[PDB]
Structures are given as C-alpha cells and as structure tokens.
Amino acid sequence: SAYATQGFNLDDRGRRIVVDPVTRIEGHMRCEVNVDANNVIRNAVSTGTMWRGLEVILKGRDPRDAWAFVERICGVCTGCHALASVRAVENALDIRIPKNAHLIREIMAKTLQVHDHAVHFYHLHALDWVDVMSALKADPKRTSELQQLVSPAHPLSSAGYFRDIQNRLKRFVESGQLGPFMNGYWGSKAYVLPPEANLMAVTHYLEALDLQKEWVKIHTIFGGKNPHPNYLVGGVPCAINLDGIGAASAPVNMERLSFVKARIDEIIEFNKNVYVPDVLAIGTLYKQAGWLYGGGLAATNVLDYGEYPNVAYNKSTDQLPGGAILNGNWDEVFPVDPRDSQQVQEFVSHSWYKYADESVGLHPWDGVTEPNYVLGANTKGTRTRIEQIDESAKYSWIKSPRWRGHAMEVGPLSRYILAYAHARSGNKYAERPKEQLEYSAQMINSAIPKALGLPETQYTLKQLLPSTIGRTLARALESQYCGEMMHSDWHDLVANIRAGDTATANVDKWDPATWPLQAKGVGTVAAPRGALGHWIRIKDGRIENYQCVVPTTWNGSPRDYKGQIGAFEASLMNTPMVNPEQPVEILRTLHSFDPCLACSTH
C-alpha cells in the first residue's frame, strides 16, 4: 500500500507497467512502475536481474591477481575495477607507486571517462531524445544551418554531407529491415525535436561510432588491449625506454607517447565541437518543452569519494572534489571516509542475499555475499515466471548501499554538484566544473534560445541540475573536463620522464614473503557512473574478503531496512507518460544514470 519516504508519496494502487528487459543499458534490468489515473508514475521498482558472484570467486586467491578478475565485472567501464583493485591492494600492503605509474593510471582513467561517456550518450541514450524516423523528414540545408549555429567550429557541416547521411538512412529504413530501430517508439509525442535536430544527432551517432575506436588506443598503448587493458600491483607494466637501446621493443617509447598525445588532442576536439554542443542543444529544446522530470535524489542527497588530486596523495587537491551533500543544502559538504564503518554500509533487506542480521547495514570490510533467491508472498507468477515482482520483500540482485543510513545519488551529476558546492566555498581546484556549469546554464537559459528564436528562461542551477536533462549535461561536461585533465597529465608524464625519472613499478613488496600476515585495504575510483570502492582483507598471502560497492549498486539499489528508495526509483517518481505501455520516459530517465547492471551486481 501507499507510504511516504524522503518526501515521495509512493502509491502502488495504480496501473502496473512492466519493462523487462530494459534495453540500451549494460547487463540486465527489470523495471516496474505504477501509474495514476493521469499516467503519472507514482511507484517505481528497480530490479537487477543478474548476478555472477565475483566477491565469492575471489576468496583464497592471490591479491596480485585480483585486478584481472574484478576487471571482468564490466567491459564497458573497462579498467576502473582494475584500478580500484590495485589501489586496494597497494593500500593494504603500504605500496607507494612511482609518479609515472600514477600519471599513466590517470590518463587511462580519463580515457575511459571520455569513451564511456560519449558512447553512452550517442549509442545508448540518444534514441530516448532523438526520433530517427523524423530525421528522414529533415531539410539538409536547414540541418546544415542548425549545425553551424549549434557548433560553428565543427567542420562536418555542409548540406551535401547531411543529405548523404540522410540518403543512407532512407535506404536502410526502406529495406524493411530496421535492425536496431525495429519496433521503436518513433512518432510518439514524447519526442519533441525538429527533424533537423534529429538528423544532426543521428549524423553524430554515426560519427561517434567511427571515432570511439580511436580514443581507446590510449588504453592499448599503456595496457595492451581494449577492452580489458592490463594493470599491475605496484605500478604499470608498460616500461619506458624513450630512445635508448631496445626502445623499439619497449612498451612506451617517445613515438608511442606522441601517438597518445595525438589521440588526446582529437578527444579534446570531439568533446568541445560535437558532444557538449549536442547535449546543450537537445537539453535546451527539451527544457523549452518543459521536460524537467527525473531529479529524484539529486535534489537532496549526492555523494562521491573525490578523485584526481592535483598533487598526488594530497586529497585536498582533488580536481573532482567529493564528500556528501544532504537535504539539498549545497552550503555544507560532509567529508566521506571509506574506512569509517559507520559511513558506507550495505543492506540486503530487499535484496536476494542473506545476513545474520538484516536490520543492519554492513561496511564492506565486514561485507557478506551469500545468495538468497526468494520471492515475496504477494508475487504474481512463479519462482521462474515473474509477472509482477513483490517489492515489499526481496526483489533485486543489487544490494542497498547507504551513507550514514542516507540514500544517495552518485555519478557525474553528483560530482558536478559537489564540485559547484566546493568552488562556492572557496575550493580553487573545482573552478573548471563551476565555470562549465555557469556557461551551460547561460547557453540553455539564454544563448541557445535566442539563437533559435525561442523565449529565454531563468532556471537557476539549483532548479536545472536536479533533472534528467541536468544528469545528461553533467556527463557531457565531465567528459570534456576529463579530456582537458589528461592533456595536462600527458605533459606532466613526458616532463617527468625527460627529467630522468623513468620508473614505472615499485617491486619492493611484490613477493608475498614481504607482506604483513594480515592486512586490510581500500581503493576508491571516480568511475564513469559514480563512486566506486573495493575493500579487501588479506590473510596469509590470500584474499580473505573482497567486497565491491559499485556506482550502479548505489543508484539502482532496492529499498533499505527503513524502506527508503534509491536513485533510480526516486528519479522515475512523478513523471508523466504519454502512453503507459511505451516506456519512452522510463528509458530516458533510467538511461540518464547510464546503468551498468553487471557492475551493480558483480
């Protein structure tokens, strides 16, 4: 029955709608909602529909091997788990890595951010905003004009170019084999873009598909392959020899570093000329249509661990500074400590796991992962044929992380809200995100409307950011910021090498005979989807416990012991649907979190 939590009035008495599978995500998710008499969502249920049990598999294994196992939690956010793992082991064993290894890890991390973000937006998210059939109606000349207004610097802008793209799309559709566009929701009134905007976006979808494979060659240089580049406890395996004897056979030489810089420069151009401008334009047009739904928990509670210190090992210099905000008070950021047993905790009250006591949340050093697949008495269907899931009981493979018992949103949006709050409090390391946000607000409120002959609006960042539009915007801005940062990292790397420091690995504690017999460690990462942590316990040279709390675990979590809802469920609340059995709005908002379900469950 109906209950109130976190200012949301949940009501499960309306029409039940099931979306299974949720597509254009990584992995497997089921979503159920109830809508009221006016087609407004009044209840939402997030069900992670996969589990593999990496935490169980890791037990007894060598901590030096762990990164490779947990890297395979996910091939989309590929490498971020490997980074968390090596950090966790290095923390447990007091291993200080060389400067070059730190910088190479940072470059790899920022490369993932850009690749993951841009591919998400174009290949997973765009079809929630862009009607590909409408693109067929566009005028090539007016599309060219729009392109020139949206991003003057982008060279692919001629009428003939758009006409050629449009013609290929026509032939494809006219074949009667629509492939990825088959059975789509085209023509729904939920789509608001003009044909020219649709054609411009579809064109960029194809452009991004061709370009994304170039960006990852940065991973390939430093880590051998993408997906799943190699990492190393104690540093990086990609030994440096710039031009010395054997340099041609070395993992990193000067020619290979120059190659990396070329890829970085291309990324800078793509973010500034294609990705950010498209999101600003699409965001402006949906703002103009009044589609500001999907704020959920972003309006109150956001969290990130903080990442990318200007000065290595000095957290006060984080360039994406973290912490926790509660109750929408952007004037106070609480510090977040992944070591504090009273802070990050996971409940399983509504998850398919068991604890000795499920009324409490476990900090991950004390985490437990024992499967318990069982359905509530109010389930419609059977154990192997679920028709309507019972959210009053256990309903997901995703655990329920909370911070000091609070339900939080994580991700690029959370990081951008935190960065804004820090910058306002006088944190200079967060100046770039603040600048990006204020520029974006001006573009969305004023500059783009004026350019398109639309009325100007006066949304504050406080009003604009906590929305599905805002969440999508933050991801694009973060991509741009990450490209800028690794551009700087590259210079720092080459400078350090040229100064005579070529070291890439600390091997002092490679041999297990040098380890403490018992140890615990934590590694955190600002992963593309938010706050990632790995918590390890080592005993007698083996993994005693290994617990992962992953960004989509936070966002996609089911209800906790107190019945509080997580970010996905909150974001869907109070959203009108044009047609309850076409999940356009559900997909648009869920996709704005960039759900990675393999990550969420591991």
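So that there is no doubt, residue numbering starts at 1 and follows the sequence shown. Think of the rigid core as the biggest set of C-alphas that the two forms share within 1.5 Å after superposition.
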Core-fitted comparison in 9 other deposited structures of this protein, 306-314 vs 322-330, farther C-alphas = 306-314
249-257 or 431-439, the stretch lying farther from the shown form in 9 other deposited structures of this protein by root mean square CA distance over structures and residues, after core fitting, is 249-257
Do at least a third of the other entries of this protein fail to model residue 244?
-> yes
Output the stretch having the higher mean C-alpha B factor in the entry; the candidates are 16-24 and 576-584.
-> 576-584
Per the entry, where is the mean C-alpha temperature factor higher: 383-391 or 455-463?
-> 455-463
The largest CA temperature factor among 187, 530, 323, 224 is found at 187
Which one of 85, 396, 472, 183 shows the top CA temperature factor in the record?
-> 183
Chain-relative CA temperature factor third for residue 420 = highest
How does residue 442 rank on Cα B-factor within its chain, lowest, middle or highest third?
-> highest
Third assignment of residue 521 from its chain's C-alpha B-factors = lowest
Using the B-factors in the PDB entry, rank residue 210's C-alpha atom against the chain and give the third, lowest, middle or highest.
-> highest
Assert third(CA B-factor, residue 301) within chain per record equals lowest
